[PDB]
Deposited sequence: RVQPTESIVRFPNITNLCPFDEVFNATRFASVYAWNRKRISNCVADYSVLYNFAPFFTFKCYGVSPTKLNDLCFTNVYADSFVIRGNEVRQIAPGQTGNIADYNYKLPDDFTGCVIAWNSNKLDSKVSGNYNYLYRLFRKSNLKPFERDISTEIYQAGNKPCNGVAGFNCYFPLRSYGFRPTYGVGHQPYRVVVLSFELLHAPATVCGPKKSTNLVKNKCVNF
């Protein structure tokens, strides 16, 4: 647990760290935890995924939602069993002149399947004339980046999310 809850750096949304883990009371009396509304409960082994997203997107990590995160980046099934927690990291994950080392994807050809991870980096093709691996007209590069800065309103700041799964 100690590793992915307080580490020095977190992972980006299109490629999230995954841990198949081989004490719950301590996580509570801690950092503000701006949301702790889980579902499965009021096991053999557990997985613990984590990533960094925007503020006003945290309401999309949930069963049966829609957005550029729950369609191309991270989707939960309708019978979700683990839970989710999310909190603020505005002071540890932002810097003047932008923190361009966090990425997310906003173009894809088919919506994600539950519990899937997409690392591919092919040039997206919107038009009908094929692109053949070079940007330009109707062919884009699908990985943009948050420009995290400290002088953002709550909702555009970086938030760290950690999902625990059950089985």
Gaps in the model, given as deposited-sequence positions counted from residue 1: 1-19, 42-45, 66-73, 199-223
